[PDB]
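J.: Structure supplied as final_12.cif; contents: mmCIF, C-alpha atoms and all ligand atoms.
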```cif
data_work
loop_
_atom_site.label_atom_id
_atom_site.label_comp_id
_atom_site.auth_asym_id
_atom_site.auth_seq_id
_atom_site.Cartn_x
_atom_site.Cartn_y
_atom_site.Cartn_z
CA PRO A 1 8.08 -16.90 3.03
CA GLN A 2 4.84 -16.84 1.16
CA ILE A 3 2.59 -14.31 2.92
CA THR A 4 -1.15 -14.40 2.37
CA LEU A 5 -3.21 -11.23 2.76
CA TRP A 6 -6.12 -12.21 5.02
CA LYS A 7 -4.42 -10.10 7.68
CA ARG A 8 -2.07 -7.13 7.35
CA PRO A 9 1.43 -8.24 6.20
CA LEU A 10 3.21 -6.97 9.30
CA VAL A 11 6.80 -7.91 9.92
CA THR A 12 9.56 -7.07 12.34
CA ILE A 13 12.18 -4.60 11.17
CA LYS A 14 15.37 -3.57 12.92
CA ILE A 15 16.70 -0.03 12.49
CA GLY A 16 19.24 1.68 14.76
CA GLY A 17 19.36 -1.48 16.87
CA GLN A 18 15.66 -1.17 17.66
CA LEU A 19 12.90 -3.62 16.68
CA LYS A 20 9.73 -2.13 15.22
CA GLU A 21 6.73 -3.47 13.32
CA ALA A 22 6.10 -2.42 9.74
CA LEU A 23 3.63 -3.12 6.93
CA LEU A 24 4.91 -4.64 3.67
CA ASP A 25 3.30 -2.22 1.25
CA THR A 26 3.38 -2.81 -2.51
CA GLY A 27 1.31 0.37 -3.06
CA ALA A 28 4.06 2.53 -1.53
CA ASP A 29 6.94 3.67 -3.75
CA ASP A 30 8.85 4.70 -0.61
CA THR A 31 9.56 3.37 2.92
CA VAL A 32 8.08 5.68 5.58
CA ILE A 33 8.68 5.24 9.32
CA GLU A 34 7.35 7.02 12.37
CA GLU A 35 9.40 9.72 14.12
CA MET A 36 12.77 8.39 15.24
CA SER A 37 16.38 9.49 15.21
CA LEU A 38 18.62 8.39 12.33
CA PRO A 39 22.25 9.26 11.65
CA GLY A 40 23.52 11.64 9.04
CA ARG A 41 22.02 14.45 7.03
CA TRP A 42 18.50 14.43 5.63
CA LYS A 43 16.92 16.09 2.58
CA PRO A 44 13.38 17.33 2.11
CA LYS A 45 10.68 15.28 0.45
CA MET A 46 6.95 15.61 -0.05
CA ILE A 47 4.80 12.48 -0.45
CA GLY A 48 1.19 12.41 -1.53
CA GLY A 49 -0.90 9.71 0.16
CA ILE A 50 -4.60 9.03 0.23
CA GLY A 51 -5.43 12.11 2.20
CA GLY A 52 -3.02 14.65 0.68
CA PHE A 53 0.61 15.66 0.84
CA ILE A 54 2.98 15.69 3.81
CA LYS A 55 6.59 16.64 4.51
CA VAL A 56 9.06 13.98 5.56
CA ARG A 57 12.78 13.73 6.26
CA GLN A 58 14.66 11.68 3.65
CA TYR A 59 17.63 9.75 4.99
CA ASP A 60 19.61 7.83 2.41
CA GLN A 61 21.72 4.65 2.75
CA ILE A 62 20.25 3.56 6.10
CA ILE A 63 20.87 -0.01 7.29
CA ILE A 64 17.58 -1.74 7.99
CA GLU A 65 16.67 -5.38 8.52
CA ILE A 66 13.24 -6.46 7.25
CA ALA A 67 11.82 -9.84 8.28
CA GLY A 68 15.46 -10.99 8.72
CA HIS A 69 16.65 -9.72 5.32
CA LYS A 70 19.28 -7.01 5.19
CA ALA A 71 18.64 -3.85 3.22
CA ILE A 72 20.46 -0.54 2.95
CA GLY A 73 18.57 2.33 1.37
CA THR A 74 16.30 5.34 1.71
CA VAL A 75 14.05 5.75 4.73
CA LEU A 76 11.58 8.62 4.98
CA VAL A 77 10.71 9.76 8.49
CA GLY A 78 7.43 11.52 9.19
CA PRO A 79 3.94 11.31 10.56
CA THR A 80 2.68 8.16 8.88
CA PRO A 81 -0.16 6.29 10.69
CA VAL A 82 1.75 2.95 10.38
CA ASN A 83 5.39 2.15 9.49
CA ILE A 84 5.48 1.05 5.87
CA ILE A 85 8.09 -0.79 3.84
CA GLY A 86 7.72 0.38 0.23
CA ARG A 87 9.01 -0.91 -3.05
CA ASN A 88 12.46 0.71 -2.73
CA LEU A 89 13.25 -1.88 0.02
CA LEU A 90 10.85 -4.65 -1.01
CA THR A 91 12.98 -5.02 -4.12
CA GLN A 92 16.11 -5.30 -1.96
CA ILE A 93 14.67 -8.27 -0.03
CA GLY A 94 13.56 -9.94 -3.27
CA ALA A 95 9.83 -9.61 -2.81
CA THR A 96 7.34 -10.30 -5.56
CA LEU A 97 3.60 -10.42 -5.87
CA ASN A 98 2.20 -13.74 -7.10
CA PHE A 99 -1.21 -15.06 -8.10
CA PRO B 1 1.82 -14.33 -12.76
CA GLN B 2 4.86 -13.21 -10.80
CA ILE B 3 5.08 -9.41 -10.54
CA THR B 4 8.34 -7.77 -9.58
CA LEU B 5 8.30 -4.46 -7.75
CA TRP B 6 10.81 -2.35 -9.66
CA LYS B 7 7.77 -0.45 -10.95
CA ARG B 8 4.31 0.14 -9.50
CA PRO B 9 2.27 -3.10 -9.78
CA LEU B 10 -0.50 -1.69 -11.94
CA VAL B 11 -3.07 -3.93 -13.56
CA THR B 12 -6.20 -3.50 -15.64
CA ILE B 13 -9.48 -3.96 -13.80
CA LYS B 14 -13.09 -3.97 -14.92
CA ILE B 15 -15.64 -2.45 -12.50
CA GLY B 16 -19.09 -1.15 -13.14
CA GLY B 17 -18.66 -1.87 -16.86
CA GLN B 18 -15.57 0.35 -16.94
CA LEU B 19 -11.92 -0.52 -17.65
CA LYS B 20 -9.46 1.17 -15.26
CA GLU B 21 -5.88 0.88 -14.10
CA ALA B 22 -5.33 0.10 -10.43
CA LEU B 23 -2.47 -0.60 -8.04
CA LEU B 24 -2.17 -4.05 -6.37
CA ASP B 25 -1.70 -2.73 -2.84
CA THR B 26 -0.84 -5.02 0.06
CA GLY B 27 -0.76 -2.00 2.42
CA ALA B 28 -4.44 -1.20 1.82
CA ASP B 29 -7.02 -3.05 3.91
CA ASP B 30 -9.72 -2.19 1.37
CA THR B 31 -10.19 -1.39 -2.29
CA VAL B 32 -10.58 2.31 -3.11
CA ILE B 33 -11.60 3.56 -6.56
CA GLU B 34 -11.81 7.13 -7.92
CA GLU B 35 -15.24 8.71 -8.15
CA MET B 36 -17.67 6.75 -10.30
CA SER B 37 -21.24 5.56 -9.88
CA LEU B 38 -22.01 1.98 -8.81
CA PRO B 39 -25.41 0.32 -8.44
CA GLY B 40 -27.09 -0.43 -5.14
CA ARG B 41 -26.95 0.83 -1.60
CA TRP B 42 -23.97 2.55 -0.03
CA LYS B 43 -23.07 4.12 3.26
CA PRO B 44 -20.51 6.75 4.14
CA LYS B 45 -17.09 5.92 5.66
CA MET B 46 -13.89 7.77 6.58
CA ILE B 47 -10.47 6.19 5.77
CA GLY B 48 -7.17 7.66 6.97
CA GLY B 49 -3.87 7.32 5.14
CA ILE B 50 -0.74 9.43 4.74
CA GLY B 51 -2.04 12.96 4.42
CA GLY B 52 -5.06 12.28 6.67
CA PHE B 53 -8.63 11.14 5.98
CA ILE B 54 -10.95 11.13 3.03
CA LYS B 55 -14.69 10.49 2.99
CA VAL B 56 -15.76 7.61 0.76
CA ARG B 57 -18.94 5.75 -0.24
CA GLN B 58 -18.90 2.09 0.81
CA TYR B 59 -20.58 -0.27 -1.69
CA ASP B 60 -20.81 -3.93 -0.68
CA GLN B 61 -20.99 -7.03 -2.92
CA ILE B 62 -19.40 -5.42 -6.00
CA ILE B 63 -17.82 -7.64 -8.63
CA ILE B 64 -14.49 -6.60 -10.07
CA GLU B 65 -12.38 -8.39 -12.67
CA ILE B 66 -8.69 -7.96 -11.65
CA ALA B 67 -6.15 -8.81 -14.38
CA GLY B 68 -8.68 -11.34 -15.71
CA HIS B 69 -9.65 -12.78 -12.33
CA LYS B 70 -13.16 -12.19 -10.93
CA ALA B 71 -13.67 -11.26 -7.29
CA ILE B 72 -16.54 -9.82 -5.25
CA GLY B 73 -16.38 -7.63 -2.20
CA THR B 74 -16.62 -4.13 -0.78
CA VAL B 75 -15.42 -1.21 -2.88
CA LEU B 76 -14.89 2.25 -1.42
CA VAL B 77 -15.46 5.13 -3.84
CA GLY B 78 -13.97 8.54 -3.24
CA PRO B 79 -11.24 11.08 -3.95
CA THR B 80 -8.26 8.72 -3.89
CA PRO B 81 -5.37 9.92 -6.06
CA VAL B 82 -4.86 6.40 -7.44
CA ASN B 83 -7.21 3.38 -7.85
CA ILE B 84 -6.20 0.75 -5.26
CA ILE B 85 -6.94 -2.98 -5.06
CA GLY B 86 -6.58 -3.74 -1.38
CA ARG B 87 -6.36 -6.92 0.63
CA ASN B 88 -10.11 -7.58 0.71
CA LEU B 89 -9.95 -8.41 -3.03
CA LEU B 90 -6.30 -9.51 -3.30
CA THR B 91 -7.12 -12.49 -1.08
CA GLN B 92 -9.88 -13.53 -3.48
CA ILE B 93 -7.55 -13.82 -6.48
CA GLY B 94 -5.04 -15.78 -4.36
CA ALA B 95 -2.33 -13.09 -4.28
CA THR B 96 0.63 -13.55 -2.02
CA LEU B 97 3.85 -11.72 -1.24
CA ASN B 98 6.89 -13.97 -1.71
CA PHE B 99 10.54 -13.49 -0.78
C1 LIG A 101 -9.34 0.87 4.64
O1 LIG A 101 -8.85 0.79 3.31
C2 LIG A 101 -7.73 1.54 3.12
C3 LIG A 101 -7.18 1.62 1.85
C4 LIG A 101 -6.04 2.36 1.61
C5 LIG A 101 -5.38 3.09 2.60
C6 LIG A 101 -5.93 3.03 3.87
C7 LIG A 101 -7.09 2.26 4.13
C8 LIG A 101 -5.41 3.69 4.99
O2 LIG A 101 -4.94 2.58 5.84
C9 LIG A 101 -4.21 2.91 7.04
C10 LIG A 101 -2.84 2.75 6.83
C11 LIG A 101 -1.94 3.73 6.52
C12 LIG A 101 -0.60 3.67 6.23
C13 LIG A 101 -0.11 3.56 4.84
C14 LIG A 101 -1.06 4.04 3.78
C15 LIG A 101 -1.96 2.89 3.35
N1 LIG A 101 -2.62 3.10 2.10
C16 LIG A 101 -2.24 2.31 0.95
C17 LIG A 101 -0.85 2.70 0.44
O3 LIG A 101 -0.31 1.64 -0.38
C18 LIG A 101 -0.86 4.00 -0.36
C19 LIG A 101 -1.60 3.85 -1.70
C20 LIG A 101 -1.58 5.18 -2.48
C21 LIG A 101 -0.72 5.34 -3.56
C22 LIG A 101 -0.64 6.56 -4.26
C23 LIG A 101 -1.35 7.64 -3.75
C24 LIG A 101 -2.25 7.49 -2.70
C25 LIG A 101 -2.32 6.28 -2.00
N2 LIG A 101 0.53 4.39 -0.65
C26 LIG A 101 1.16 5.42 -0.11
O4 LIG A 101 0.75 6.27 0.72
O5 LIG A 101 2.46 5.51 -0.49
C27 LIG A 101 3.12 6.73 -0.13
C28 LIG A 101 4.55 6.31 0.27
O6 LIG A 101 5.16 6.04 -1.00
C29 LIG A 101 4.68 6.97 -1.97
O7 LIG A 101 4.29 6.26 -3.15
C30 LIG A 101 2.87 6.27 -3.31
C31 LIG A 101 2.42 7.50 -2.53
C32 LIG A 101 3.41 7.56 -1.38
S1 LIG A 101 -3.94 4.01 2.13
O8 LIG A 101 -4.24 4.35 0.65
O9 LIG A 101 -3.82 5.14 3.03
CL CL A 102 14.82 6.87 18.04
CL CL A 103 16.48 3.13 -1.66
CL CL A 104 -19.30 6.79 -13.58
CL CL A 105 -14.93 -7.33 1.29
CL CL A 106 -5.28 -18.62 0.76
NA NA A 107 -24.27 -3.56 -2.73
#
```
Output the file's structure as structure tokens, nothing else.
T.:
Amino acid sequence: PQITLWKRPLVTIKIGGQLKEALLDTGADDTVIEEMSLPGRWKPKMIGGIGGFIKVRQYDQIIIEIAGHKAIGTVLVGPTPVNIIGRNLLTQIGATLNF
Amino acid sequence: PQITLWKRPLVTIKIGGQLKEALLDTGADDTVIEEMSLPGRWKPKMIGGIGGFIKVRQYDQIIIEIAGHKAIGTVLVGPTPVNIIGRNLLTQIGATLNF
């Protein structure tokens, strides 16, 4: 699609068989999702957002569908105000910015 | 242009007579610039991202030039770690997300 920005670019994602809503976020290096269970081991990660730094759980090689496009990559889990799809997975679905 | 997302989508902006680098950020509702003075009236606001909230000054009707394209709208000024061009000005330069 071509998504304009007059409203938030929210899409449906599917992770662990569950549908969720997430924000396509070109200002995020990383994908960050609200507390949920994911398989496998996780590693520690700190991310610095507008308000300061938080701890998250980094799960690698997670299968996630984004607006009907399949991706497999790193998902950070932690107390983000909104689920966000960052550039690590926007590149996997072929997204670009255009003007 | 078409901007891929392998790297942060940074562009040069001109605001308040100053040249700065800023992130084209589809996950930001509004534009947030590091501390600087701007002319005119402002009012305080709180915005809440990863890491929590910061207090900013809201200036309305500010003209920016974004990668050579002029736009006018609200700019929030405050202790953001990165300058951000959010949706309120991305719409004005006709930016879309495409995949
Ligand atoms: C009202 O106008 C607003 C304007 C901006 C924001 C909000 C409201 C707050 O809007 C509420 C939404 C919050 C959820 C997502 C955060 C949205 N935000 C934009 C988002 O793109 C930030 C932009 C940024 C970039 C660098 C540093 C600070 C901030 N990126 C970010 O947090 O990414 C994290 C995950 O990947 C990592 O890579 C970059 C840092 C880290 S925000 O800054 O909190
Ligand atoms: Cl869960
Ligand atoms: Cl990844
Ligand atoms: Cl200044
Ligand atoms: Cl505006
Ligand atoms: Cl339009
Ligand atoms: Na003003």
J.: Using only C-alpha atoms, determine which residues of chain A fall within 9 Å of chain B; present them as a PyMOL selection string.
T.: chain A and resi 1-9+23-29+47-54+79-82+84+87-88+90-91+93-99
J.: May I have chain B as a tab-separated table (two decimals) with C-alpha atoms, keeping the file's coordinate frame, after a least-squares superposition on chain A that uses all C-alpha atoms paired in order?
T.:
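Final file, out.tsv:
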```tsv
chain	number	residue	atom	x	y	z
B	1	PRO	CA	8.15	-17.18	3.16
B	2	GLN	CA	4.76	-17.01	1.48
B	3	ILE	CA	2.49	-14.40	3.08
B	4	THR	CA	-1.23	-14.49	2.46
B	5	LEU	CA	-3.22	-11.28	2.55
B	6	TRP	CA	-6.20	-12.13	4.74
B	7	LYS	CA	-4.54	-9.91	7.34
B	8	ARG	CA	-2.17	-6.95	7.05
B	9	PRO	CA	1.32	-8.24	6.08
B	10	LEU	CA	3.14	-6.93	9.13
B	11	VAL	CA	6.69	-7.94	9.88
B	12	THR	CA	9.33	-7.07	12.45
B	13	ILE	CA	12.07	-4.73	11.28
B	14	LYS	CA	15.22	-3.42	12.90
B	15	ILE	CA	16.20	0.19	12.07
B	16	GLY	CA	18.45	2.55	13.91
B	17	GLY	CA	18.97	-0.06	16.63
B	18	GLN	CA	15.21	-0.21	17.21
B	19	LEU	CA	12.74	-3.07	16.70
B	20	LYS	CA	9.47	-1.99	15.04
B	21	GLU	CA	6.50	-3.47	13.24
B	22	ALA	CA	5.99	-2.41	9.63
B	23	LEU	CA	3.68	-3.16	6.72
B	24	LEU	CA	5.08	-4.82	3.55
B	25	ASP	CA	3.52	-2.36	1.11
B	26	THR	CA	3.66	-2.89	-2.65
B	27	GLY	CA	1.66	0.34	-3.18
B	28	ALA	CA	4.36	2.50	-1.58
B	29	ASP	CA	7.24	3.66	-3.79
B	30	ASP	CA	9.34	4.36	-0.70
B	31	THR	CA	9.78	3.28	2.90
B	32	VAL	CA	8.21	5.59	5.49
B	33	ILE	CA	8.83	5.21	9.23
B	34	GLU	CA	7.25	7.06	12.18
B	35	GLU	CA	9.27	9.81	13.80
B	36	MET	CA	12.63	8.65	15.12
B	37	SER	CA	16.19	9.92	14.85
B	38	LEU	CA	18.62	8.43	12.32
B	39	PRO	CA	22.30	9.26	11.83
B	40	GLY	CA	23.67	11.32	8.97
B	41	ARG	CA	22.42	13.91	6.55
B	42	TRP	CA	18.81	14.33	5.51
B	43	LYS	CA	16.78	16.61	3.32
B	44	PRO	CA	13.12	17.52	3.38
B	45	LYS	CA	10.53	15.94	1.04
B	46	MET	CA	6.75	15.99	0.57
B	47	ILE	CA	4.87	12.71	-0.16
B	48	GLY	CA	1.17	12.60	-1.08
B	49	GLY	CA	-1.15	9.71	-0.31
B	50	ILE	CA	-4.84	9.30	0.48
B	51	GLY	CA	-5.63	12.23	2.73
B	52	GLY	CA	-3.04	14.49	1.05
B	53	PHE	CA	0.63	15.23	1.75
B	54	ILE	CA	2.95	14.93	4.69
B	55	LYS	CA	6.41	16.43	5.11
B	56	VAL	CA	9.15	13.89	5.79
B	57	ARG	CA	12.92	13.77	6.32
B	58	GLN	CA	14.73	11.79	3.61
B	59	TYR	CA	17.73	9.79	4.89
B	60	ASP	CA	19.77	7.93	2.27
B	61	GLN	CA	21.88	4.76	2.68
B	62	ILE	CA	20.09	3.45	5.79
B	63	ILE	CA	20.32	-0.23	6.64
B	64	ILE	CA	17.18	-2.00	7.75
B	65	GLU	CA	16.73	-5.65	8.68
B	66	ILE	CA	13.30	-6.77	7.33
B	67	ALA	CA	12.00	-10.07	8.75
B	68	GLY	CA	15.64	-11.16	9.11
B	69	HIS	CA	16.79	-9.90	5.71
B	70	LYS	CA	19.21	-6.95	5.48
B	71	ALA	CA	18.65	-4.19	2.94
B	72	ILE	CA	20.00	-0.66	2.45
B	73	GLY	CA	18.28	2.31	0.91
B	74	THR	CA	16.41	5.55	1.47
B	75	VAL	CA	14.10	5.84	4.47
B	76	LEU	CA	11.60	8.66	4.83
B	77	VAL	CA	10.83	9.69	8.42
B	78	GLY	CA	7.67	11.54	9.31
B	79	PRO	CA	4.12	11.48	10.65
B	80	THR	CA	2.91	8.34	8.87
B	81	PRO	CA	0.14	6.54	10.77
B	82	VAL	CA	1.80	3.17	10.11
B	83	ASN	CA	5.44	2.13	9.41
B	84	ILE	CA	5.69	1.13	5.72
B	85	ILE	CA	8.29	-0.92	3.86
B	86	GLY	CA	7.93	0.25	0.29
B	87	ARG	CA	9.21	-1.00	-3.03
B	88	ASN	CA	12.67	0.55	-2.72
B	89	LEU	CA	13.47	-2.01	0.02
B	90	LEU	CA	11.06	-4.81	-0.98
B	91	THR	CA	13.07	-5.28	-4.18
B	92	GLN	CA	16.24	-5.77	-2.13
B	93	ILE	CA	14.85	-8.72	-0.16
B	94	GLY	CA	13.55	-10.29	-3.40
B	95	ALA	CA	9.83	-9.83	-2.65
B	96	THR	CA	7.32	-10.54	-5.36
B	97	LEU	CA	3.56	-10.58	-5.72
B	98	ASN	CA	2.31	-13.94	-7.00
B	99	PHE	CA	-1.11	-15.05	-8.24
```
J.: Return as a PyMOL selection string the residues of protein, DNA or RNA that approach ligand CL 102 (chain A) to within 8 Å, with all atoms listed in the file taken into account.
T.: chain A and resi 16+35-38
J.: How many Å separate atom CA of residue B:66 from atom CA of residue B:45?
T.: 23.7 Å
J.: Compile the contact shell of residue A:39 as a ChimeraX atom specification: residues with an atom at most 12 Å away, counting only C-alpha atoms, same-chain residues fewer than 5 positions apart removed.
T.: /A:15-16,57-63,75,77
J.: Quick one, how far is atom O2 of ligand LIG 101 (chain A) from atom CA of residue B:13?
T.: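 These two atoms are separated by 21.2 Å.
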J.: Between atom CA of residue A:31 and atom CA of residue A:73, what distance in Å does the model show, to one decimal?
T.: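 Here the two named atoms are 9.2 Å from each other.
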J.: Which one of B:11, B:56, B:44, B:19 sits closest to residue B:76 if you count all atoms listed in the file?
T.: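 Result for the nearest residue to residue B:76: B:56.
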